[PDB]
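Shown below: data-v7.txt, with compact mmCIF, N, CA, C and O atoms.
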```
# COMPACT_ATOMS: atom_id res chain seq x y z
N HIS A 1 80.80 62.09 -68.61
CA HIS A 1 82.24 61.89 -68.62
C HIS A 1 82.73 61.44 -70.00
O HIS A 1 81.94 61.01 -70.86
N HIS A 2 84.05 61.55 -70.21
CA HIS A 2 84.65 60.94 -71.40
C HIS A 2 84.38 59.44 -71.42
O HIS A 2 84.07 58.88 -72.47
N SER A 3 84.48 58.79 -70.26
CA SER A 3 84.08 57.39 -70.13
C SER A 3 82.68 57.14 -70.71
O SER A 3 82.47 56.19 -71.47
N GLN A 4 81.72 58.01 -70.38
CA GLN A 4 80.33 57.78 -70.80
C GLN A 4 80.12 58.05 -72.29
O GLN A 4 79.40 57.31 -72.97
N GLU A 5 80.82 59.05 -72.85
CA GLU A 5 80.79 59.22 -74.30
C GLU A 5 81.41 58.03 -75.03
O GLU A 5 80.96 57.65 -76.11
N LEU A 6 82.51 57.50 -74.50
CA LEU A 6 83.14 56.36 -75.13
C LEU A 6 82.21 55.15 -75.10
O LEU A 6 82.03 54.46 -76.11
N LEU A 7 81.58 54.90 -73.94
CA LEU A 7 80.63 53.80 -73.86
C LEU A 7 79.48 53.97 -74.83
O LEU A 7 79.08 53.01 -75.50
N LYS A 8 78.95 55.20 -74.94
CA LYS A 8 77.88 55.48 -75.89
C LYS A 8 78.31 55.11 -77.30
O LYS A 8 77.52 54.56 -78.07
N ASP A 9 79.59 55.38 -77.66
CA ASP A 9 80.06 55.05 -79.01
C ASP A 9 80.08 53.55 -79.25
O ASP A 9 79.67 53.07 -80.32
N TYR A 10 80.54 52.77 -78.26
CA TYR A 10 80.50 51.32 -78.43
C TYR A 10 79.06 50.79 -78.55
O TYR A 10 78.80 49.89 -79.35
N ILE A 11 78.13 51.33 -77.75
CA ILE A 11 76.73 50.93 -77.83
C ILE A 11 76.17 51.26 -79.21
O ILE A 11 75.48 50.44 -79.84
N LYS A 12 76.42 52.49 -79.67
CA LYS A 12 75.93 52.92 -80.98
C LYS A 12 76.39 51.98 -82.07
O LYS A 12 75.57 51.47 -82.85
N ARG A 13 77.69 51.67 -82.12
CA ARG A 13 78.16 50.84 -83.22
C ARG A 13 77.65 49.41 -83.10
O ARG A 13 77.41 48.77 -84.14
N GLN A 14 77.46 48.91 -81.87
CA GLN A 14 76.91 47.57 -81.73
C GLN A 14 75.50 47.50 -82.30
O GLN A 14 75.14 46.54 -83.02
N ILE A 15 74.67 48.50 -81.99
CA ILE A 15 73.28 48.42 -82.45
C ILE A 15 73.21 48.73 -83.93
O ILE A 15 72.38 48.15 -84.65
N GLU A 16 74.06 49.64 -84.43
CA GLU A 16 74.12 49.81 -85.89
C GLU A 16 74.47 48.51 -86.60
O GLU A 16 74.03 48.29 -87.75
N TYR A 17 75.26 47.63 -85.97
CA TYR A 17 75.53 46.35 -86.65
C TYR A 17 74.26 45.52 -86.78
O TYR A 17 74.00 44.92 -87.83
N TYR A 18 73.47 45.48 -85.71
CA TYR A 18 72.22 44.69 -85.78
C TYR A 18 71.35 45.17 -86.95
O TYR A 18 70.65 44.37 -87.59
N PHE A 19 71.36 46.46 -87.22
CA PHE A 19 70.51 47.01 -88.28
C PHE A 19 71.23 47.15 -89.62
O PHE A 19 70.66 47.73 -90.56
N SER A 20 72.41 46.56 -89.76
CA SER A 20 73.11 46.56 -91.04
C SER A 20 72.46 45.53 -91.97
O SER A 20 71.86 44.54 -91.53
N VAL A 21 72.56 45.80 -93.27
CA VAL A 21 72.05 44.84 -94.25
C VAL A 21 72.76 43.50 -94.08
O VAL A 21 72.13 42.43 -94.17
N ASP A 22 74.08 43.53 -93.84
CA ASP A 22 74.83 42.29 -93.64
C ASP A 22 74.22 41.43 -92.55
O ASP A 22 74.04 40.22 -92.73
N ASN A 23 73.87 42.04 -91.41
CA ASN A 23 73.22 41.26 -90.36
C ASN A 23 71.78 40.91 -90.70
O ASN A 23 71.34 39.76 -90.47
N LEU A 24 71.01 41.88 -91.23
CA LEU A 24 69.58 41.66 -91.46
C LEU A 24 69.33 40.51 -92.44
O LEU A 24 68.32 39.81 -92.30
N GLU A 25 70.23 40.26 -93.42
CA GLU A 25 69.98 39.15 -94.35
C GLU A 25 69.95 37.79 -93.66
O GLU A 25 69.34 36.86 -94.21
N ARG A 26 70.54 37.64 -92.46
CA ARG A 26 70.49 36.36 -91.76
C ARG A 26 69.81 36.42 -90.40
O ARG A 26 69.65 35.37 -89.76
N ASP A 27 69.36 37.60 -89.95
CA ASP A 27 68.84 37.75 -88.58
C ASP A 27 67.32 37.58 -88.58
O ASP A 27 66.53 38.53 -88.49
N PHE A 28 66.90 36.31 -88.64
CA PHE A 28 65.48 36.01 -88.73
C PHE A 28 64.76 36.30 -87.41
O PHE A 28 63.61 36.76 -87.44
N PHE A 29 65.43 36.14 -86.25
CA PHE A 29 64.79 36.51 -84.98
C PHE A 29 64.43 37.99 -84.96
O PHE A 29 63.31 38.36 -84.55
N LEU A 30 65.39 38.86 -85.32
CA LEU A 30 65.15 40.29 -85.22
C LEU A 30 64.01 40.68 -86.14
O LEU A 30 63.13 41.48 -85.78
N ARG A 31 64.00 40.11 -87.36
CA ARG A 31 62.98 40.46 -88.34
C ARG A 31 61.60 39.96 -87.94
O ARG A 31 60.59 40.62 -88.23
N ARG A 32 61.51 38.80 -87.25
CA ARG A 32 60.23 38.28 -86.78
C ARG A 32 59.64 39.15 -85.66
O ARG A 32 58.42 39.11 -85.43
N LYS A 33 60.48 39.91 -84.94
CA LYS A 33 60.00 40.78 -83.89
C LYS A 33 59.68 42.19 -84.38
O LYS A 33 59.15 42.99 -83.61
N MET A 34 59.93 42.50 -85.65
CA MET A 34 59.54 43.79 -86.18
C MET A 34 58.03 43.87 -86.37
O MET A 34 57.36 42.89 -86.73
N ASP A 35 57.50 45.07 -86.20
CA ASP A 35 56.16 45.32 -86.70
C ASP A 35 56.22 45.57 -88.20
O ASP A 35 57.29 45.57 -88.82
N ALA A 36 55.04 45.69 -88.81
CA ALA A 36 55.01 45.76 -90.26
C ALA A 36 55.77 46.97 -90.81
O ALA A 36 56.11 46.97 -92.00
N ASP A 37 56.07 47.98 -89.99
CA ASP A 37 56.79 49.16 -90.45
C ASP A 37 58.29 49.09 -90.13
O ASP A 37 59.03 50.05 -90.36
N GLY A 38 58.76 47.97 -89.61
CA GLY A 38 60.16 47.77 -89.31
C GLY A 38 60.58 48.09 -87.88
O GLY A 38 61.75 47.87 -87.53
N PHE A 39 59.67 48.61 -87.05
CA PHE A 39 60.06 49.05 -85.71
C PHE A 39 60.17 47.88 -84.76
O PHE A 39 59.37 46.94 -84.81
N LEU A 40 61.13 47.98 -83.83
CA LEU A 40 61.35 47.04 -82.73
C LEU A 40 61.42 47.84 -81.44
O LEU A 40 61.89 48.97 -81.48
N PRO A 41 60.99 47.28 -80.31
CA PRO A 41 61.21 47.97 -79.03
C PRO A 41 62.69 48.14 -78.73
O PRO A 41 63.46 47.18 -78.79
N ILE A 42 63.07 49.36 -78.34
CA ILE A 42 64.45 49.57 -77.89
C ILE A 42 64.76 48.69 -76.69
O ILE A 42 65.90 48.21 -76.53
N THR A 43 63.76 48.43 -75.84
CA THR A 43 64.05 47.56 -74.69
C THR A 43 64.32 46.11 -75.12
O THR A 43 65.01 45.39 -74.37
N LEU A 44 63.84 45.65 -76.28
CA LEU A 44 64.25 44.33 -76.78
C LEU A 44 65.73 44.34 -77.14
O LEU A 44 66.50 43.44 -76.75
N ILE A 45 66.15 45.38 -77.88
CA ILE A 45 67.57 45.48 -78.22
C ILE A 45 68.44 45.54 -76.97
O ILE A 45 69.56 44.99 -76.93
N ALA A 46 67.95 46.23 -75.93
CA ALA A 46 68.72 46.35 -74.70
C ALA A 46 69.03 45.00 -74.07
O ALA A 46 70.01 44.87 -73.32
N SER A 47 68.19 44.00 -74.32
CA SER A 47 68.39 42.67 -73.76
C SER A 47 69.42 41.85 -74.53
O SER A 47 69.82 40.78 -74.02
N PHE A 48 69.87 42.31 -75.70
CA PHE A 48 70.79 41.45 -76.47
C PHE A 48 72.13 41.39 -75.75
O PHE A 48 72.57 42.39 -75.19
N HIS A 49 72.77 40.23 -75.79
CA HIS A 49 73.94 39.99 -74.94
C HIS A 49 75.02 41.07 -75.06
O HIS A 49 75.59 41.49 -74.05
N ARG A 50 75.36 41.48 -76.29
CA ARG A 50 76.48 42.42 -76.46
C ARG A 50 76.12 43.82 -76.02
O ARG A 50 77.02 44.57 -75.62
N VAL A 51 74.83 44.18 -76.01
CA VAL A 51 74.41 45.49 -75.47
C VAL A 51 74.33 45.45 -73.96
O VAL A 51 74.85 46.33 -73.27
N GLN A 52 73.70 44.38 -73.43
CA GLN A 52 73.56 44.29 -72.00
C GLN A 52 74.92 44.19 -71.31
O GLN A 52 75.07 44.63 -70.15
N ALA A 53 75.95 43.65 -71.99
CA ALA A 53 77.28 43.64 -71.37
C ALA A 53 77.80 45.06 -71.19
O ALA A 53 78.47 45.36 -70.19
N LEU A 54 77.53 45.92 -72.17
CA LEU A 54 78.05 47.29 -72.13
C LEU A 54 77.29 48.16 -71.12
O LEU A 54 77.91 49.00 -70.44
N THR A 55 75.97 48.02 -71.04
CA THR A 55 75.19 48.87 -70.15
C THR A 55 73.83 48.27 -69.88
O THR A 55 73.27 47.56 -70.73
N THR A 56 73.28 48.57 -68.68
CA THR A 56 71.85 48.40 -68.42
C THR A 56 71.10 49.72 -68.26
O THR A 56 69.93 49.72 -67.86
N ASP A 57 71.72 50.83 -68.65
CA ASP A 57 71.17 52.19 -68.51
C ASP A 57 70.38 52.55 -69.76
O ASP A 57 70.95 52.86 -70.81
N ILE A 58 69.05 52.51 -69.68
CA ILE A 58 68.27 52.74 -70.91
C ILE A 58 68.45 54.16 -71.48
O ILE A 58 68.42 54.35 -72.70
N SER A 59 68.66 55.18 -70.63
CA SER A 59 68.93 56.52 -71.17
C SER A 59 70.20 56.54 -72.01
O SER A 59 70.27 57.25 -73.02
N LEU A 60 71.24 55.78 -71.61
CA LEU A 60 72.47 55.74 -72.37
C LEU A 60 72.26 55.07 -73.73
O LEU A 60 72.84 55.49 -74.74
N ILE A 61 71.41 54.04 -73.77
CA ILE A 61 71.09 53.38 -75.04
C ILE A 61 70.33 54.34 -75.95
O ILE A 61 70.67 54.49 -77.14
N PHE A 62 69.32 55.05 -75.41
CA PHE A 62 68.64 56.05 -76.23
C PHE A 62 69.60 57.12 -76.71
O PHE A 62 69.53 57.53 -77.88
N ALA A 63 70.49 57.63 -75.83
CA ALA A 63 71.40 58.69 -76.25
C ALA A 63 72.34 58.21 -77.35
O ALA A 63 72.62 58.94 -78.29
N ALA A 64 72.79 56.95 -77.26
CA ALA A 64 73.69 56.41 -78.28
C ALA A 64 73.02 56.41 -79.64
O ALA A 64 73.67 56.65 -80.67
N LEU A 65 71.71 56.14 -79.66
CA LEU A 65 70.97 55.96 -80.92
C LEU A 65 70.52 57.29 -81.50
O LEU A 65 70.29 57.37 -82.71
N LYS A 66 70.35 58.31 -80.66
CA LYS A 66 70.07 59.64 -81.17
C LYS A 66 71.15 60.07 -82.14
O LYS A 66 70.87 60.71 -83.14
N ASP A 67 72.37 59.59 -81.92
CA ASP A 67 73.56 59.93 -82.68
C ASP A 67 73.70 59.15 -83.98
O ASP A 67 74.75 59.27 -84.62
N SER A 68 72.71 58.36 -84.40
CA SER A 68 72.91 57.41 -85.49
C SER A 68 72.26 57.87 -86.79
O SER A 68 71.09 58.29 -86.80
N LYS A 69 72.99 57.75 -87.91
CA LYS A 69 72.41 57.90 -89.25
C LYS A 69 71.91 56.58 -89.85
O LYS A 69 71.44 56.57 -91.00
N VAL A 70 72.03 55.47 -89.14
CA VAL A 70 71.58 54.17 -89.62
C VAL A 70 70.17 53.87 -89.16
O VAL A 70 69.39 53.23 -89.88
N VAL A 71 69.81 54.30 -87.94
CA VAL A 71 68.52 53.98 -87.35
C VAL A 71 67.74 55.25 -87.01
O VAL A 71 68.29 56.36 -86.87
N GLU A 72 66.43 55.06 -86.90
CA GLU A 72 65.40 56.05 -86.62
C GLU A 72 64.67 55.62 -85.34
O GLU A 72 64.28 54.45 -85.24
N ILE A 73 64.46 56.55 -84.40
CA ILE A 73 63.68 56.30 -83.18
C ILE A 73 62.35 57.03 -83.24
O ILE A 73 62.31 58.22 -83.60
N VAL A 74 61.27 56.33 -82.91
CA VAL A 74 59.97 56.94 -82.62
C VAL A 74 59.55 56.43 -81.25
O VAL A 74 59.31 55.22 -81.09
N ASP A 75 59.46 57.33 -80.27
CA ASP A 75 59.09 56.99 -78.90
C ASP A 75 60.02 55.90 -78.40
O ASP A 75 61.23 56.13 -78.33
N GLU A 76 59.52 54.72 -78.01
CA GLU A 76 60.38 53.66 -77.50
C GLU A 76 60.73 52.61 -78.54
O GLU A 76 61.33 51.59 -78.18
N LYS A 77 60.50 52.87 -79.82
CA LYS A 77 60.82 51.91 -80.88
C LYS A 77 61.94 52.42 -81.78
O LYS A 77 62.17 53.63 -81.90
N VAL A 78 62.62 51.49 -82.44
CA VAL A 78 63.73 51.83 -83.33
C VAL A 78 63.63 51.00 -84.60
O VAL A 78 63.15 49.86 -84.59
N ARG A 79 64.04 51.60 -85.72
CA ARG A 79 64.07 50.85 -86.98
C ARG A 79 65.22 51.31 -87.86
O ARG A 79 65.78 52.40 -87.68
N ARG A 80 65.58 50.48 -88.84
CA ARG A 80 66.52 50.91 -89.87
C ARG A 80 65.93 52.07 -90.68
O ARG A 80 64.78 52.00 -91.11
N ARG A 81 66.71 53.14 -90.89
CA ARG A 81 66.17 54.30 -91.61
C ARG A 81 65.84 53.96 -93.05
O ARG A 81 64.81 54.42 -93.58
N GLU A 82 66.72 53.22 -93.73
CA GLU A 82 66.58 52.96 -95.16
C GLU A 82 65.71 51.73 -95.41
O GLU A 82 66.05 50.63 -94.97
N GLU A 83 64.60 51.93 -96.17
CA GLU A 83 63.65 50.89 -96.57
C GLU A 83 63.36 49.87 -95.47
O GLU A 83 63.55 48.66 -95.69
N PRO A 84 62.90 50.31 -94.29
CA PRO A 84 62.70 49.35 -93.20
C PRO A 84 61.60 48.35 -93.50
O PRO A 84 61.64 47.24 -92.93
N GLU A 85 60.62 48.70 -94.36
CA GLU A 85 59.45 47.86 -94.55
C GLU A 85 59.77 46.59 -95.30
O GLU A 85 58.94 45.68 -95.32
N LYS A 86 60.97 46.51 -95.89
CA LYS A 86 61.37 45.32 -96.63
C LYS A 86 61.81 44.16 -95.74
O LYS A 86 61.84 43.01 -96.21
N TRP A 87 62.07 44.40 -94.46
CA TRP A 87 62.69 43.42 -93.60
C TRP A 87 61.80 42.60 -92.66
O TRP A 87 62.19 41.48 -92.30
N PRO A 88 60.61 43.08 -92.21
CA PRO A 88 59.82 42.26 -91.28
C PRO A 88 59.49 40.88 -91.84
O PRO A 88 59.37 40.71 -93.07
N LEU A 89 59.40 39.89 -90.95
CA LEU A 89 58.98 38.54 -91.31
C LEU A 89 57.86 38.05 -90.40
O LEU A 89 57.71 38.53 -89.27
N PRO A 90 57.09 37.05 -90.85
CA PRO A 90 56.04 36.44 -90.00
C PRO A 90 56.62 35.91 -88.70
O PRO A 90 57.70 35.30 -88.68
N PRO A 91 55.91 36.09 -87.59
CA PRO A 91 56.41 35.85 -86.23
C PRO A 91 56.81 34.41 -85.97
O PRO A 91 56.34 33.48 -86.63
```

When written as structure tokens, how does the structure in this file appear?
Amino acid sequence: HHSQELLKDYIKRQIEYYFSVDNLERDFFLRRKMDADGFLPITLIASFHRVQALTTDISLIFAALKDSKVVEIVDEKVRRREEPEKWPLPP
């Protein structure tokens, strides 16, 4: 539906904010959960308050992120496309 495309757009922009440089410079929790290549489980992102308010439908979260030039998906993990390896921190 148009409703579902609109919701996908809000989800997309919310998660793109988490992976923005502006957020990453202060988001020590997110960086501590990255693996050494920058990847995080998409299901971890799904638990964040502003995403979980919008949806609990994991297919909708994946579909929103397929549409993104900010992030890259491999299987069930997601990372910032640009220089992701610079951001991980010790757990």

Point to revise | Between CA of residue 16 in chain A and CA of residue 90 in chain A, distance in Å (one decimal) | key: 22.9 Å

Point to revise | Distance query range 30-45 of chain A at most 6 Å, all atoms listed in the file, self and fewer than 2 positions along chain excluded, as JSON, numbers by chain | key: {"A": [27, 28, 47, 48, 49, 51, 52, 76, 77, 78, 79, 80, 84, 85, 87, 88, 89, 90, 91]}

Practice item. Could you give me the residues within chain A that DSSP places in helix (DSSP H, G or I), as a PyMOL selection string? Key: chain A and resi 2-18+21-24+28-32+42-46+49-54+58-66+84-86

Taking 2 positions as the minimum chain separation for residues in the same chain, which residues sit within 12 Å of residue 62 in chain A when counting only C-alpha atoms? Answer as a PDB file with N, CA, C and O atoms, keeping the file's coordinate frame.
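Saved as selection_36.pdb:
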```pdb
ATOM      1  N   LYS A   8      78.950  55.200 -74.940  1.00  0.00           N
ATOM      2  CA  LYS A   8      77.880  55.480 -75.890  1.00  0.00           C
ATOM      3  C   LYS A   8      78.310  55.110 -77.300  1.00  0.00           C
ATOM      4  O   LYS A   8      77.520  54.560 -78.070  1.00  0.00           O
ATOM      5  N   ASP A   9      79.590  55.380 -77.660  1.00  0.00           N
ATOM      6  CA  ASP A   9      80.060  55.050 -79.010  1.00  0.00           C
ATOM      7  C   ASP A   9      80.080  53.550 -79.250  1.00  0.00           C
ATOM      8  O   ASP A   9      79.670  53.070 -80.320  1.00  0.00           O
ATOM      9  N   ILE A  11      78.130  51.330 -77.750  1.00  0.00           N
ATOM     10  CA  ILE A  11      76.730  50.930 -77.830  1.00  0.00           C
ATOM     11  C   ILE A  11      76.170  51.260 -79.210  1.00  0.00           C
ATOM     12  O   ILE A  11      75.480  50.440 -79.840  1.00  0.00           O
ATOM     13  N   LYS A  12      76.420  52.490 -79.670  1.00  0.00           N
ATOM     14  CA  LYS A  12      75.930  52.920 -80.980  1.00  0.00           C
ATOM     15  C   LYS A  12      76.390  51.980 -82.070  1.00  0.00           C
ATOM     16  O   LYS A  12      75.570  51.470 -82.850  1.00  0.00           O
ATOM     17  N   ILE A  15      74.670  48.500 -81.990  1.00  0.00           N
ATOM     18  CA  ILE A  15      73.280  48.420 -82.450  1.00  0.00           C
ATOM     19  C   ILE A  15      73.210  48.730 -83.930  1.00  0.00           C
ATOM     20  O   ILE A  15      72.380  48.150 -84.650  1.00  0.00           O
ATOM     21  N   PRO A  41      60.990  47.280 -80.310  1.00  0.00           N
ATOM     22  CA  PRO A  41      61.210  47.970 -79.030  1.00  0.00           C
ATOM     23  C   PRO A  41      62.690  48.140 -78.730  1.00  0.00           C
ATOM     24  O   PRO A  41      63.460  47.180 -78.790  1.00  0.00           O
ATOM     25  N   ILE A  42      63.070  49.360 -78.340  1.00  0.00           N
ATOM     26  CA  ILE A  42      64.450  49.570 -77.890  1.00  0.00           C
ATOM     27  C   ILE A  42      64.760  48.690 -76.690  1.00  0.00           C
ATOM     28  O   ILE A  42      65.900  48.210 -76.530  1.00  0.00           O
ATOM     29  N   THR A  43      63.760  48.430 -75.840  1.00  0.00           N
ATOM     30  CA  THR A  43      64.050  47.560 -74.690  1.00  0.00           C
ATOM     31  C   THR A  43      64.320  46.110 -75.120  1.00  0.00           C
ATOM     32  O   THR A  43      65.010  45.390 -74.370  1.00  0.00           O
ATOM     33  N   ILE A  45      66.150  45.380 -77.880  1.00  0.00           N
ATOM     34  CA  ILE A  45      67.570  45.480 -78.220  1.00  0.00           C
ATOM     35  C   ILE A  45      68.440  45.540 -76.970  1.00  0.00           C
ATOM     36  O   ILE A  45      69.560  44.990 -76.930  1.00  0.00           O
ATOM     37  N   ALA A  46      67.950  46.230 -75.930  1.00  0.00           N
ATOM     38  CA  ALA A  46      68.720  46.350 -74.700  1.00  0.00           C
ATOM     39  C   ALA A  46      69.030  45.000 -74.070  1.00  0.00           C
ATOM     40  O   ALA A  46      70.010  44.870 -73.320  1.00  0.00           O
ATOM     41  N   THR A  55      75.970  48.020 -71.040  1.00  0.00           N
ATOM     42  CA  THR A  55      75.190  48.870 -70.150  1.00  0.00           C
ATOM     43  C   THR A  55      73.830  48.270 -69.880  1.00  0.00           C
ATOM     44  O   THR A  55      73.270  47.560 -70.730  1.00  0.00           O
ATOM     45  N   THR A  56      73.280  48.570 -68.680  1.00  0.00           N
ATOM     46  CA  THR A  56      71.850  48.400 -68.420  1.00  0.00           C
ATOM     47  C   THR A  56      71.100  49.720 -68.260  1.00  0.00           C
ATOM     48  O   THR A  56      69.930  49.720 -67.860  1.00  0.00           O
ATOM     49  N   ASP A  57      71.720  50.830 -68.650  1.00  0.00           N
ATOM     50  CA  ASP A  57      71.170  52.190 -68.510  1.00  0.00           C
ATOM     51  C   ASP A  57      70.380  52.550 -69.760  1.00  0.00           C
ATOM     52  O   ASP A  57      70.950  52.860 -70.810  1.00  0.00           O
ATOM     53  N   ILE A  58      69.050  52.510 -69.680  1.00  0.00           N
ATOM     54  CA  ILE A  58      68.270  52.740 -70.910  1.00  0.00           C
ATOM     55  C   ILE A  58      68.450  54.160 -71.480  1.00  0.00           C
ATOM     56  O   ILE A  58      68.420  54.350 -72.700  1.00  0.00           O
ATOM     57  N   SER A  59      68.660  55.180 -70.630  1.00  0.00           N
ATOM     58  CA  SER A  59      68.930  56.520 -71.170  1.00  0.00           C
ATOM     59  C   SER A  59      70.200  56.540 -72.010  1.00  0.00           C
ATOM     60  O   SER A  59      70.270  57.250 -73.020  1.00  0.00           O
ATOM     61  N   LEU A  60      71.240  55.780 -71.610  1.00  0.00           N
ATOM     62  CA  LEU A  60      72.470  55.740 -72.370  1.00  0.00           C
ATOM     63  C   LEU A  60      72.260  55.070 -73.730  1.00  0.00           C
ATOM     64  O   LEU A  60      72.840  55.490 -74.740  1.00  0.00           O
ATOM     65  N   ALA A  64      72.790  56.950 -77.260  1.00  0.00           N
ATOM     66  CA  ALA A  64      73.690  56.410 -78.280  1.00  0.00           C
ATOM     67  C   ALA A  64      73.020  56.410 -79.640  1.00  0.00           C
ATOM     68  O   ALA A  64      73.670  56.650 -80.670  1.00  0.00           O
ATOM     69  N   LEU A  65      71.710  56.140 -79.660  1.00  0.00           N
ATOM     70  CA  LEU A  65      70.970  55.960 -80.920  1.00  0.00           C
ATOM     71  C   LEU A  65      70.520  57.290 -81.500  1.00  0.00           C
ATOM     72  O   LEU A  65      70.290  57.370 -82.710  1.00  0.00           O
ATOM     73  N   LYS A  66      70.350  58.310 -80.660  1.00  0.00           N
ATOM     74  CA  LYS A  66      70.070  59.640 -81.170  1.00  0.00           C
ATOM     75  C   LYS A  66      71.150  60.070 -82.140  1.00  0.00           C
ATOM     76  O   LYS A  66      70.870  60.710 -83.140  1.00  0.00           O
ATOM     77  N   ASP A  67      72.370  59.590 -81.920  1.00  0.00           N
ATOM     78  CA  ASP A  67      73.560  59.930 -82.680  1.00  0.00           C
ATOM     79  C   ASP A  67      73.700  59.150 -83.980  1.00  0.00           C
ATOM     80  O   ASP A  67      74.750  59.270 -84.620  1.00  0.00           O
ATOM     81  N   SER A  68      72.710  58.360 -84.400  1.00  0.00           N
ATOM     82  CA  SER A  68      72.910  57.410 -85.490  1.00  0.00           C
ATOM     83  C   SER A  68      72.260  57.870 -86.790  1.00  0.00           C
ATOM     84  O   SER A  68      71.090  58.290 -86.800  1.00  0.00           O
ATOM     85  N   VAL A  71      69.810  54.300 -87.940  1.00  0.00           N
ATOM     86  CA  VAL A  71      68.520  53.980 -87.350  1.00  0.00           C
ATOM     87  C   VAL A  71      67.740  55.250 -87.010  1.00  0.00           C
ATOM     88  O   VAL A  71      68.290  56.360 -86.870  1.00  0.00           O
ATOM     89  N   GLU A  72      66.430  55.060 -86.900  1.00  0.00           N
ATOM     90  CA  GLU A  72      65.400  56.050 -86.620  1.00  0.00           C
ATOM     91  C   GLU A  72      64.670  55.620 -85.340  1.00  0.00           C
ATOM     92  O   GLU A  72      64.280  54.450 -85.240  1.00  0.00           O
ATOM     93  N   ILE A  73      64.460  56.550 -84.400  1.00  0.00           N
ATOM     94  CA  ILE A  73      63.680  56.300 -83.180  1.00  0.00           C
ATOM     95  C   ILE A  73      62.350  57.030 -83.240  1.00  0.00           C
ATOM     96  O   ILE A  73      62.310  58.220 -83.600  1.00  0.00           O
ATOM     97  N   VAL A  74      61.270  56.330 -82.910  1.00  0.00           N
ATOM     98  CA  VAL A  74      59.970  56.940 -82.620  1.00  0.00           C
ATOM     99  C   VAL A  74      59.550  56.430 -81.250  1.00  0.00           C
ATOM    100  O   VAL A  74      59.310  55.220 -81.090  1.00  0.00           O
ATOM    101  N   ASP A  75      59.460  57.330 -80.270  1.00  0.00           N
ATOM    102  CA  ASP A  75      59.090  56.990 -78.900  1.00  0.00           C
ATOM    103  C   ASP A  75      60.020  55.900 -78.400  1.00  0.00           C
ATOM    104  O   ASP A  75      61.230  56.130 -78.330  1.00  0.00           O
ATOM    105  N   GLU A  76      59.520  54.720 -78.010  1.00  0.00           N
ATOM    106  CA  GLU A  76      60.380  53.660 -77.500  1.00  0.00           C
ATOM    107  C   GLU A  76      60.730  52.610 -78.540  1.00  0.00           C
ATOM    108  O   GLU A  76      61.330  51.590 -78.180  1.00  0.00           O
ATOM    109  N   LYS A  77      60.500  52.870 -79.820  1.00  0.00           N
ATOM    110  CA  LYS A  77      60.820  51.910 -80.880  1.00  0.00           C
ATOM    111  C   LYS A  77      61.940  52.420 -81.780  1.00  0.00           C
ATOM    112  O   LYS A  77      62.170  53.630 -81.900  1.00  0.00           O
ATOM    113  N   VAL A  78      62.620  51.490 -82.440  1.00  0.00           N
ATOM    114  CA  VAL A  78      63.730  51.830 -83.330  1.00  0.00           C
ATOM    115  C   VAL A  78      63.630  51.000 -84.600  1.00  0.00           C
ATOM    116  O   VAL A  78      63.150  49.860 -84.590  1.00  0.00           O
TER     117      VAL A  78
END
```

**Study point:** Sel. of strand (DSSP E or B) residues, chain A, as a PyMOL selection string
**Key:** chain A and resi 40-41+71-74+77-80

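Distances to residue 54 in chain A were evaluated for A:81, A:1, A:25, A:10 using only C-alpha atoms, and the minimum falls at A:10.
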
Point to revise | Point-to-point distance in Å for CA of residue 4 in chain A and CA of residue 19 in chain A | key: 22.8 Å

Review point. When you draw a straight line from atom C of residue 50 in chain A to atom O of residue 70 in chain A, how long is it in Å?
Key: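 Spanning atom C of residue 50 in chain A to atom O of residue 70 in chain A is a straight-line distance of 18.1 Å.
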